[PDB]
$ cat final.pdb   # PDB, C-alpha atoms
ATOM      1  CA  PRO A   1      54.653 100.981  35.367
ATOM      2  CA  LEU A   2      56.979 100.880  38.351
ATOM      3  CA  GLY A   3      55.597  99.835  41.716
ATOM      4  CA  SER A   4      57.228  96.841  43.360
ATOM      5  CA  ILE A   5      60.066  94.423  42.709
ATOM      6  CA  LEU A   6      60.455  90.702  43.286
ATOM      7  CA  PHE A   7      63.568  88.943  44.527
ATOM      8  CA  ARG A   8      64.452  85.411  43.493
ATOM      9  CA  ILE A   9      66.731  84.232  46.276
ATOM     10  CA  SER A  10      68.980  81.729  44.543
ATOM     11  CA  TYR A  11      70.864  79.541  46.990
ATOM     12  CA  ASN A  12      73.091  76.513  46.545
ATOM     13  CA  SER A  13      70.089  74.293  45.930
ATOM     14  CA  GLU A  14      67.298  76.434  47.329
ATOM     15  CA  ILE A  15      65.014  78.925  45.625
ATOM     16  CA  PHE A  16      62.650  81.452  47.160
ATOM     17  CA  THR A  17      60.757  84.578  46.171
ATOM     18  CA  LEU A  18      60.538  87.726  48.259
ATOM     19  CA  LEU A  19      58.594  90.857  47.396
ATOM     20  CA  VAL A  20      60.761  93.871  48.137
ATOM     21  CA  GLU A  21      59.272  97.329  47.758
ATOM     22  CA  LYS A  22      61.087 100.083  45.900
ATOM     23  CA  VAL A  23      61.209 102.047  49.133
ATOM     24  CA  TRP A  24      63.147  99.481  51.129
ATOM     25  CA  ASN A  25      66.670 100.864  51.133
ATOM     26  CA  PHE A  26      69.630  98.513  51.309
ATOM     27  CA  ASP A  27      68.949  98.295  55.026
ATOM     28  CA  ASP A  28      65.346  97.138  55.017
ATOM     29  CA  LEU A  29      66.350  95.218  51.914
ATOM     30  CA  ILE A  30      69.069  93.196  53.600
ATOM     31  CA  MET A  31      66.645  92.870  56.489
ATOM     32  CA  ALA A  32      63.910  91.783  54.109
ATOM     33  CA  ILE A  33      65.887  88.802  52.869
ATOM     34  CA  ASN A  34      67.417  88.270  56.290
ATOM     35  CA  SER A  35      63.824  88.047  57.458
ATOM     36  CA  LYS A  36      62.605  85.486  54.952
ATOM     37  CA  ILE A  37      65.785  83.459  55.274
ATOM     38  CA  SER A  38      65.369  84.004  58.997
ATOM     39  CA  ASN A  39      63.509  80.713  58.820
ATOM     40  CA  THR A  40      66.793  79.073  59.746
ATOM     41  CA  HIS A  41      67.628  81.811  62.223
ATOM     42  CA  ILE A  42      71.005  80.124  62.484
ATOM     43  CA  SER A  43      73.171  82.174  60.154
ATOM     44  CA  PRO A  44      71.782  84.719  57.681
ATOM     45  CA  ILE A  45      73.676  86.543  54.960
ATOM     46  CA  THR A  46      75.142  90.030  54.799
ATOM     47  CA  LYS A  47      76.143  89.947  51.150
ATOM     48  CA  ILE A  48      73.767  89.522  48.236
ATOM     49  CA  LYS A  49      74.826  89.257  44.612
ATOM     50  CA  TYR A  50      72.146  90.554  42.276
ATOM     51  CA  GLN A  51      72.116  90.163  38.510
ATOM     52  CA  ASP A  52      72.481  93.102  36.154
ATOM     53  CA  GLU A  53      71.170  94.003  32.720
ATOM     54  CA  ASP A  54      74.407  92.910  31.091
ATOM     55  CA  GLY A  55      73.521  89.608  32.716
ATOM     56  CA  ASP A  56      76.589  89.710  34.930
ATOM     57  CA  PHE A  57      76.255  89.225  38.670
ATOM     58  CA  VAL A  58      77.210  92.147  40.877
ATOM     59  CA  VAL A  59      77.582  92.505  44.627
ATOM     60  CA  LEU A  60      74.848  94.380  46.453
ATOM     61  CA  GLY A  61      75.172  95.694  49.988
ATOM     62  CA  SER A  62      74.211  99.341  49.661
ATOM     63  CA  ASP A  63      71.510 101.639  48.340
ATOM     64  CA  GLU A  64      73.816 102.846  45.591
ATOM     65  CA  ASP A  65      73.853  99.248  44.417
ATOM     66  CA  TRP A  66      70.241  98.518  45.278
ATOM     67  CA  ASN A  67      69.067 101.597  43.416
ATOM     68  CA  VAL A  68      71.591 101.676  40.597
ATOM     69  CA  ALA A  69      70.092  98.283  39.844
ATOM     70  CA  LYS A  70      66.482  99.329  40.288
ATOM     71  CA  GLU A  71      66.834 102.102  37.734
ATOM     72  CA  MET A  72      68.095  99.293  35.532
ATOM     73  CA  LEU A  73      65.030  97.127  36.013
ATOM     74  CA  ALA A  74      63.126  99.681  33.968
ATOM     75  CA  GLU A  75      65.825  99.309  31.340
ATOM     76  CA  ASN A  76      65.652  95.544  31.680
ATOM     77  CA  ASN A  77      61.870  95.646  31.562
ATOM     78  CA  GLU A  78      61.818  93.237  34.480
ATOM     79  CA  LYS A  79      59.606  93.733  37.512
ATOM     80  CA  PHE A  80      61.587  90.956  39.152
ATOM     81  CA  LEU A  81      65.132  90.449  40.377
ATOM     82  CA  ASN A  82      67.624  87.666  40.983
ATOM     83  CA  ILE A  83      69.812  87.403  44.061
ATOM     84  CA  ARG A  84      72.615  84.974  44.810
ATOM     85  CA  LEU A  85      73.056  83.335  48.194
ATOM     86  CA  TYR A  86      76.268  81.424  48.790
TER
END
$ encode --input "final.pdb" --output "structure tokens"
Amino acid sequence: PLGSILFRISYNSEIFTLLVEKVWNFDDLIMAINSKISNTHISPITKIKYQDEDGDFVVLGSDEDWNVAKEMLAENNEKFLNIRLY
């Protein structure tokens, strides 16, 4: 049952979880992480690399990449997600 998705912000040596709805386009999305990571409010990120079913990381900076992945979650049977922050 689809509803919400979780994001596992994976940094260099930092790890955080952010609950991102399935209605938060790439905009609100980028703003969602940019909000949580806002903690530093020194220099956020504009590029997020999310994992795919194949298990290969892929860039994500649009809805076509934020959705194309979502539709995959169902195929991955994962209500969560993994993002890369470098």
$ residues_around --input "final.pdb" --residues "residue 3 (chain A)" --least-positions-apart "6" --cutoff "9 Å" --atoms "all atoms listed in the file" --output "list in words"
residues 21, 22 and 79 of chain A
$ resolve_selection --input "final.pdb" --expression "the PyMOL selection byres ((chain A and resi 51) around 9)" --output "PyMOL selection string"
chain A and resi 49-50+52-59+69+81-84
$ resolve_selection --input "final.pdb" --expression "the PyMOL selection byres ((chain A and resi 11) around 12)" --output "number ranges by chain"
A: 8-10, 12-17, 37, 44-45, 48-49, 82-86
$ residues_near_point --input "final.pdb" --point "(64.2, 97.1, 52.1)" --cutoff "12 Å" --atoms "only C-alpha atoms" --output "PyMOL selection string"
chain A and resi 4-7+18-35+61-63+66-67
$ write_last_selection --input "final.pdb" --atoms "C-alpha atoms" --output "compact mmCIF listing (two decimals), keeping the file's coordinate frame"
# COMPACT_ATOMS: atom_id res chain seq x y z
CA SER A 4 57.23 96.84 43.36
CA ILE A 5 60.07 94.42 42.71
CA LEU A 6 60.46 90.70 43.29
CA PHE A 7 63.57 88.94 44.53
CA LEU A 18 60.54 87.73 48.26
CA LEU A 19 58.59 90.86 47.40
CA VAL A 20 60.76 93.87 48.14
CA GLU A 21 59.27 97.33 47.76
CA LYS A 22 61.09 100.08 45.90
CA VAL A 23 61.21 102.05 49.13
CA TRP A 24 63.15 99.48 51.13
CA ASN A 25 66.67 100.86 51.13
CA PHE A 26 69.63 98.51 51.31
CA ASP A 27 68.95 98.30 55.03
CA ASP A 28 65.35 97.14 55.02
CA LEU A 29 66.35 95.22 51.91
CA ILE A 30 69.07 93.20 53.60
CA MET A 31 66.64 92.87 56.49
CA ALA A 32 63.91 91.78 54.11
CA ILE A 33 65.89 88.80 52.87
CA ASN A 34 67.42 88.27 56.29
CA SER A 35 63.82 88.05 57.46
CA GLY A 61 75.17 95.69 49.99
CA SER A 62 74.21 99.34 49.66
CA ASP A 63 71.51 101.64 48.34
CA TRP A 66 70.24 98.52 45.28
CA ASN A 67 69.07 101.60 43.42
$ closest_residue --input "final.pdb" --among "A:65, A:42, A:2, A:60" --to "residue 80 (chain A)" --atoms "only C-alpha atoms"
A:2
$ atom_distance --input "final.pdb" --atom1 "CA of residue 1 (chain A)" --atom2 "CA of residue 74 (chain A)"
8.7 Å
$ decode --input "final.pdb" --residues "region 29-63 of chain A" --atoms "N, CA, C and O atoms" --output "PDB file, in the first residue's frame"
ATOM      1  N   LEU A  29      10.642  18.509  -2.845  1.00  0.00           N
ATOM      2  CA  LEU A  29      11.557  17.439  -2.484  1.00  0.00           C
ATOM      3  C   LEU A  29      12.923  18.036  -2.140  1.00  0.00           C
ATOM      4  O   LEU A  29      13.398  17.897  -1.015  1.00  0.00           O
ATOM      5  N   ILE A  30      13.515  18.685  -3.131  1.00  0.00           N
ATOM      6  CA  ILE A  30      14.817  19.304  -2.948  1.00  0.00           C
ATOM      7  C   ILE A  30      14.761  20.255  -1.751  1.00  0.00           C
ATOM      8  O   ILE A  30      15.741  20.401  -1.023  1.00  0.00           O
ATOM      9  N   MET A  31      13.604  20.878  -1.584  1.00  0.00           N
ATOM     10  CA  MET A  31      13.407  21.812  -0.488  1.00  0.00           C
ATOM     11  C   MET A  31      13.212  21.070   0.836  1.00  0.00           C
ATOM     12  O   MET A  31      13.483  21.617   1.904  1.00  0.00           O
ATOM     13  N   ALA A  32      12.744  19.835   0.722  1.00  0.00           N
ATOM     14  CA  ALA A  32      12.510  19.012   1.896  1.00  0.00           C
ATOM     15  C   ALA A  32      13.852  18.650   2.536  1.00  0.00           C
ATOM     16  O   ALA A  32      14.025  18.788   3.746  1.00  0.00           O
ATOM     17  N   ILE A  33      14.769  18.195   1.695  1.00  0.00           N
ATOM     18  CA  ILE A  33      16.091  17.812   2.162  1.00  0.00           C
ATOM     19  C   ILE A  33      16.889  19.071   2.505  1.00  0.00           C
ATOM     20  O   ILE A  33      17.636  19.090   3.482  1.00  0.00           O
ATOM     21  N   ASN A  34      16.706  20.092   1.681  1.00  0.00           N
ATOM     22  CA  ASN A  34      17.401  21.352   1.885  1.00  0.00           C
ATOM     23  C   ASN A  34      16.910  21.997   3.182  1.00  0.00           C
ATOM     24  O   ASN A  34      17.547  22.909   3.706  1.00  0.00           O
ATOM     25  N   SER A  35      15.781  21.497   3.663  1.00  0.00           N
ATOM     26  CA  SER A  35      15.196  22.013   4.889  1.00  0.00           C
ATOM     27  C   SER A  35      15.804  21.300   6.099  1.00  0.00           C
ATOM     28  O   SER A  35      16.205  21.944   7.068  1.00  0.00           O
ATOM     29  N   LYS A  36      15.856  19.979   6.004  1.00  0.00           N
ATOM     30  CA  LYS A  36      16.408  19.172   7.078  1.00  0.00           C
ATOM     31  C   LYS A  36      17.901  19.473   7.219  1.00  0.00           C
ATOM     32  O   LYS A  36      18.392  19.687   8.327  1.00  0.00           O
ATOM     33  N   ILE A  37      18.582  19.480   6.083  1.00  0.00           N
ATOM     34  CA  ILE A  37      20.009  19.751   6.066  1.00  0.00           C
ATOM     35  C   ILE A  37      20.245  21.237   6.347  1.00  0.00           C
ATOM     36  O   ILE A  37      21.380  21.659   6.560  1.00  0.00           O
ATOM     37  N   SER A  38      19.153  21.988   6.338  1.00  0.00           N
ATOM     38  CA  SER A  38      19.227  23.417   6.589  1.00  0.00           C
ATOM     39  C   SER A  38      19.885  23.678   7.945  1.00  0.00           C
ATOM     40  O   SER A  38      20.336  24.789   8.217  1.00  0.00           O
ATOM     41  N   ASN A  39      19.917  22.634   8.761  1.00  0.00           N
ATOM     42  CA  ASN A  39      20.512  22.735  10.082  1.00  0.00           C
ATOM     43  C   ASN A  39      21.786  23.579  10.001  1.00  0.00           C
ATOM     44  O   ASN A  39      21.980  24.497  10.798  1.00  0.00           O
ATOM     45  N   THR A  40      22.621  23.240   9.030  1.00  0.00           N
ATOM     46  CA  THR A  40      23.871  23.954   8.834  1.00  0.00           C
ATOM     47  C   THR A  40      23.600  25.366   8.309  1.00  0.00           C
ATOM     48  O   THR A  40      24.251  26.323   8.726  1.00  0.00           O
ATOM     49  N   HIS A  41      22.640  25.451   7.400  1.00  0.00           N
ATOM     50  CA  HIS A  41      22.276  26.729   6.814  1.00  0.00           C
ATOM     51  C   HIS A  41      23.541  27.480   6.393  1.00  0.00           C
ATOM     52  O   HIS A  41      23.625  28.698   6.548  1.00  0.00           O
ATOM     53  N   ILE A  42      24.493  26.722   5.869  1.00  0.00           N
ATOM     54  CA  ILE A  42      25.749  27.301   5.425  1.00  0.00           C
ATOM     55  C   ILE A  42      25.925  27.041   3.927  1.00  0.00           C
ATOM     56  O   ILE A  42      26.376  27.915   3.190  1.00  0.00           O
ATOM     57  N   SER A  43      25.558  25.833   3.523  1.00  0.00           N
ATOM     58  CA  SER A  43      25.669  25.447   2.126  1.00  0.00           C
ATOM     59  C   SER A  43      24.959  24.111   1.894  1.00  0.00           C
ATOM     60  O   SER A  43      25.528  23.050   2.146  1.00  0.00           O
ATOM     61  N   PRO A  44      23.693  24.209   1.407  1.00  0.00           N
ATOM     62  CA  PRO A  44      22.901  23.022   1.138  1.00  0.00           C
ATOM     63  C   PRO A  44      23.375  22.322  -0.136  1.00  0.00           C
ATOM     64  O   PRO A  44      24.486  22.564  -0.606  1.00  0.00           O
ATOM     65  N   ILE A  45      22.509  21.466  -0.661  1.00  0.00           N
ATOM     66  CA  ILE A  45      22.826  20.729  -1.871  1.00  0.00           C
ATOM     67  C   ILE A  45      21.712  20.943  -2.899  1.00  0.00           C
ATOM     68  O   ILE A  45      20.561  21.173  -2.533  1.00  0.00           O
ATOM     69  N   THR A  46      22.095  20.860  -4.165  1.00  0.00           N
ATOM     70  CA  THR A  46      21.143  21.041  -5.249  1.00  0.00           C
ATOM     71  C   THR A  46      21.085  19.786  -6.122  1.00  0.00           C
ATOM     72  O   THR A  46      20.315  19.729  -7.080  1.00  0.00           O
ATOM     73  N   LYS A  47      21.906  18.812  -5.758  1.00  0.00           N
ATOM     74  CA  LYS A  47      21.956  17.562  -6.497  1.00  0.00           C
ATOM     75  C   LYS A  47      21.914  16.391  -5.513  1.00  0.00           C
ATOM     76  O   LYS A  47      22.723  16.323  -4.588  1.00  0.00           O
ATOM     77  N   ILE A  48      20.963  15.499  -5.744  1.00  0.00           N
ATOM     78  CA  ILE A  48      20.805  14.334  -4.890  1.00  0.00           C
ATOM     79  C   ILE A  48      20.828  13.069  -5.749  1.00  0.00           C
ATOM     80  O   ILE A  48      20.104  12.974  -6.740  1.00  0.00           O
ATOM     81  N   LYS A  49      21.667  12.129  -5.341  1.00  0.00           N
ATOM     82  CA  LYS A  49      21.792  10.873  -6.061  1.00  0.00           C
ATOM     83  C   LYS A  49      21.050   9.775  -5.297  1.00  0.00           C
ATOM     84  O   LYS A  49      21.495   9.345  -4.234  1.00  0.00           O
ATOM     85  N   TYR A  50      19.932   9.352  -5.869  1.00  0.00           N
ATOM     86  CA  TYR A  50      19.124   8.313  -5.255  1.00  0.00           C
ATOM     87  C   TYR A  50      19.407   6.951  -5.892  1.00  0.00           C
ATOM     88  O   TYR A  50      19.739   6.871  -7.074  1.00  0.00           O
ATOM     89  N   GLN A  51      19.265   5.912  -5.081  1.00  0.00           N
ATOM     90  CA  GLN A  51      19.501   4.558  -5.552  1.00  0.00           C
ATOM     91  C   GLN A  51      18.324   4.079  -6.404  1.00  0.00           C
ATOM     92  O   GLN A  51      17.224   4.621  -6.310  1.00  0.00           O
ATOM     93  N   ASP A  52      18.596   3.068  -7.217  1.00  0.00           N
ATOM     94  CA  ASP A  52      17.574   2.511  -8.086  1.00  0.00           C
ATOM     95  C   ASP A  52      17.407   1.021  -7.780  1.00  0.00           C
ATOM     96  O   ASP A  52      18.172   0.455  -7.001  1.00  0.00           O
ATOM     97  N   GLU A  53      16.402   0.430  -8.409  1.00  0.00           N
ATOM     98  CA  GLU A  53      16.127  -0.984  -8.213  1.00  0.00           C
ATOM     99  C   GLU A  53      17.362  -1.818  -8.552  1.00  0.00           C
ATOM    100  O   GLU A  53      17.769  -2.677  -7.771  1.00  0.00           O
ATOM    101  N   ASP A  54      17.926  -1.537  -9.717  1.00  0.00           N
ATOM    102  CA  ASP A  54      19.109  -2.251 -10.169  1.00  0.00           C
ATOM    103  C   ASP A  54      20.181  -2.194  -9.079  1.00  0.00           C
ATOM    104  O   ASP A  54      21.086  -3.027  -9.049  1.00  0.00           O
ATOM    105  N   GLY A  55      20.044  -1.203  -8.211  1.00  0.00           N
ATOM    106  CA  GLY A  55      20.990  -1.025  -7.122  1.00  0.00           C
ATOM    107  C   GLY A  55      22.088  -0.031  -7.505  1.00  0.00           C
ATOM    108  O   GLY A  55      23.063   0.135  -6.774  1.00  0.00           O
ATOM    109  N   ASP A  56      21.893   0.604  -8.652  1.00  0.00           N
ATOM    110  CA  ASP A  56      22.855   1.576  -9.142  1.00  0.00           C
ATOM    111  C   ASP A  56      22.344   2.988  -8.841  1.00  0.00           C
ATOM    112  O   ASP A  56      21.171   3.287  -9.061  1.00  0.00           O
ATOM    113  N   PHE A  57      23.249   3.816  -8.343  1.00  0.00           N
ATOM    114  CA  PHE A  57      22.906   5.188  -8.009  1.00  0.00           C
ATOM    115  C   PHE A  57      22.620   6.004  -9.273  1.00  0.00           C
ATOM    116  O   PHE A  57      23.280   5.823 -10.295  1.00  0.00           O
ATOM    117  N   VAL A  58      21.637   6.884  -9.160  1.00  0.00           N
ATOM    118  CA  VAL A  58      21.256   7.728 -10.280  1.00  0.00           C
ATOM    119  C   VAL A  58      20.958   9.140  -9.771  1.00  0.00           C
ATOM    120  O   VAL A  58      20.398   9.309  -8.689  1.00  0.00           O
ATOM    121  N   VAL A  59      21.347  10.119 -10.575  1.00  0.00           N
ATOM    122  CA  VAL A  59      21.128  11.510 -10.220  1.00  0.00           C
ATOM    123  C   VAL A  59      19.625  11.783 -10.142  1.00  0.00           C
ATOM    124  O   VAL A  59      18.837  11.142 -10.836  1.00  0.00           O
ATOM    125  N   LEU A  60      19.272  12.736  -9.292  1.00  0.00           N
ATOM    126  CA  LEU A  60      17.876  13.102  -9.115  1.00  0.00           C
ATOM    127  C   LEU A  60      17.777  14.604  -8.847  1.00  0.00           C
ATOM    128  O   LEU A  60      18.245  15.087  -7.816  1.00  0.00           O
ATOM    129  N   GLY A  61      17.165  15.303  -9.792  1.00  0.00           N
ATOM    130  CA  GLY A  61      16.999  16.741  -9.671  1.00  0.00           C
ATOM    131  C   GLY A  61      15.753  17.215 -10.423  1.00  0.00           C
ATOM    132  O   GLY A  61      15.640  18.391 -10.764  1.00  0.00           O
ATOM    133  N   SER A  62      14.851  16.274 -10.659  1.00  0.00           N
ATOM    134  CA  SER A  62      13.618  16.580 -11.365  1.00  0.00           C
ATOM    135  C   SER A  62      12.505  15.634 -10.909  1.00  0.00           C
ATOM    136  O   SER A  62      12.753  14.698 -10.152  1.00  0.00           O
ATOM    137  N   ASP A  63      11.302  15.914 -11.388  1.00  0.00           N
ATOM    138  CA  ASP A  63      10.150  15.100 -11.038  1.00  0.00           C
ATOM    139  C   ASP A  63      10.170  13.813 -11.866  1.00  0.00           C
ATOM    140  O   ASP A  63       9.697  12.772 -11.414  1.00  0.00           O
TER     141      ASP A  63
END
